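Structure record follows, encoded as structure tokens.
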Amino acid sequence: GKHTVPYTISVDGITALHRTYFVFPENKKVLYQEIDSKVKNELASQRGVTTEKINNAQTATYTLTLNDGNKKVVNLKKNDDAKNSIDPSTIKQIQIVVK
Ligand SMILES: [Zn+2]
Ligand SMILES: [Zn+2]
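The sequence shown begins at 51 in my numbering and counts up one residue at a time.
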């Protein structure tokens, strides 16, 4: 019913909280913008990394590792694929990185 996706946050080479997960309703497609939103939300609440902080960072991205082992990197500063859709059920893990 609910798809859990473990995620980690790295900022300036450091990581804080452990075993944190995003939750998505099973097999219901979402726009990447929705995942972008959940990601920015946590960056802000857990690391105090606001939208303004993302825009001024050298690099700000999140890497999706899909169930089949492949990966897809999304740029948080400007996500062209913000319109594209994806089945969250295909996502195994998310690695958020900002520097
Ligand atoms: Zn699932
Ligand atoms: Zn695939």
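Ideal Cβ placement from N, Cα and C applies to all residues, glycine included.
Proximity to residue i [Cα-Cα], best of the options
i, options, result
"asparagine 105", "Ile64, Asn125 and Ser139", "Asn125"
"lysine 121", "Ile136, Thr109 and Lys128", "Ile136"
"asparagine 117", "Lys133, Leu67, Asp130 and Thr140", "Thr140"
"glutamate 76", "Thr109, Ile146, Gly51 and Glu92", "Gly51"
Cβ-Cβ separation, residue j to residue i (assumed contact under 8 Å), whole Å
i, j, result
"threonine 115", "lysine 90", "Between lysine 90 and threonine 115 the Cβ distance is about 20 Å, and since that is not below 8 Å, they are no contact."
"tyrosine 57", "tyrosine 71", "7 Å"
"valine 55", "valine 99", "Not really, about 19 Å apart at Cβ, beyond 8 Å."
Contact set for residue i: own chain, Cβ-Cβ below 6 Å, skip 5 residues either direction
i, result
"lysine 79", "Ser135 and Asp137"
"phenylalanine 74", "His53 and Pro138"
"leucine 93", "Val99"
"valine 123", "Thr111 and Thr113"
| In chain order, what residues have a CB nearer than 7 Å to some heavy atom of ligand 2? | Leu116, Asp118, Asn120 and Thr140
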